[PDB]
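Next come structure tokens for two forms of one protein chain, structure 1 first, structure 2 second.
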Structure 1
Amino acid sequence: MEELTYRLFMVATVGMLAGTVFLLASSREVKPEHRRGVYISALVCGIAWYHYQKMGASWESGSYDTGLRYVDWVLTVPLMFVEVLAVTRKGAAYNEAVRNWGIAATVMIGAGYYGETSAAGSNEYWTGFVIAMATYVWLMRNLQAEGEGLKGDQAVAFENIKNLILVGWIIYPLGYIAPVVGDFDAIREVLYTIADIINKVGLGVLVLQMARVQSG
């Protein structure tokens, strides 16, 4: 799994760049008023492109640890919520959710990092898990509520955005927990890398599809 993990970091680098350039190029296919979420999506993929290059270099030198992923997540996880809010909200409601969901997302990642940087199964490990998991549930519940007012083709397009996050993000807390039940550290890195490509490029593509619906 060592060679596979390193090779997947390179695959992710290419995938994230491909997503960045796809989203930037496609941004003109929607009306200006509907582009902001597409641009944010492209920025998320570009940040992850930058970080997978850093994480591959760290792997080459033997200095890699899972904690390096958190430098990416602490910026990209809040921004992914923002890219959803950019297609679902306007005005004061947008500013309020960006603030509240962004704070929650940062707390989730920081609490996770506190637990990540301790021995697995330690008190700190569980403390970080409980706080991050509560925040995660709070975020997922607020994402489920976001669809309540949409109709027609926007409701369908939002359903896809919501479900990619609801299903696709389960792996992150699952991977955090699994090593206390079994020898799962190695497969955790493989699955997180695959998941990041699906979640980041996929969310951008689905935000673009929503913006196409809104423009049409």
Structure 2
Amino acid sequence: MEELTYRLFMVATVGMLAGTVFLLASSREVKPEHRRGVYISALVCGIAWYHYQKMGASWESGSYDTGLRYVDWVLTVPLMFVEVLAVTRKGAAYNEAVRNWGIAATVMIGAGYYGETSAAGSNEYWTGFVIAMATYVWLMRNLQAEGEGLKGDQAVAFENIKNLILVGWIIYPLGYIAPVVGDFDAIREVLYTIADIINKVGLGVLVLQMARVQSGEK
């Protein structure tokens, strides 16, 4: 598990870079008025690229620092919400939702870090997990409510974005509780790595697909 975790860290490092530069290269395929989301998606992968280089070295040393992961989450998760809420809102409704979902994500990740840096299985470990779960469900319930009246190609493209978050973000609570299911300290970092790749690269690809539809492409 130890060597597999190191290899996945190094592979995800290059995958985040590949996601960053591919998304920058693909921005020419859509109209200029829909390139902002492609650029923000590349920045998300670019930030994760910077932190996955550190996480890979941190894991290789033997003294792993999950703070590198959580500081990447607390920066990138609100950024990923910026373009999701843009599809359905603008003006005051947008700024409110962006602010509120960003506060919720920060509490979720902060509570998770409080619990993950506690003793595994302790009351603090569970306190962080329960608080993070409740804010997570609040975020997912809000997300499902977004884009209710949409129809056509834009609705299907937005539903793919929504379902990627609704399904792909479940990997994180499973990773957090993997250390108390078995001798699976490294499996937690395996699941965190796979989820970041699926959710960061995958969202960027879907946002790119949303920009193609908005550009009138079939």
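Numbers follow structure 1, counted from its first residue as 1. So that the term is clear: the rigid core is the largest set of C-alpha atoms that superpose within 1.5 Å between two forms.
So with the core overlaid, does the Cα of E148 end up 2 Å or more away between structure 1 and structure 2? Stays below the 2 Å threshold, so no.
Answer yes if the Cα of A132 shifts by 2 angstroms or more between structure 1 and structure 2 on a rigid-core superposition, and no otherwise. No, because once the rigid core is superposed, the C-alpha of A132 moves less than 2 Å between structure 1 and structure 2.
Inspect the rigid-core superposition and answer whether the C-alpha of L68 shifts by 2 angstroms or more between structure 1 and structure 2. Yes; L68 is a residue whose C-alpha shifts (by 2 Å or more) between structure 1 and structure 2 when the cores are overlaid.
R99 CA shift between structure 1 and structure 2 in angstrom, with the core used for superposition: Value for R99 between structure 1 and structure 2: 0.1 Å of C-alpha shift.
Core-aligned, what does the C-alpha of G37 shift between structure 1 and structure 2, expressed in angstrom? A shift of 1.9 Å at the C-alpha.
For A186, tell me the Cα shift between structure 1 and structure 2 once the rigid core is superposed, in Å to one decimal. With the cores aligned, its C-alpha sits 2.1 Å away.
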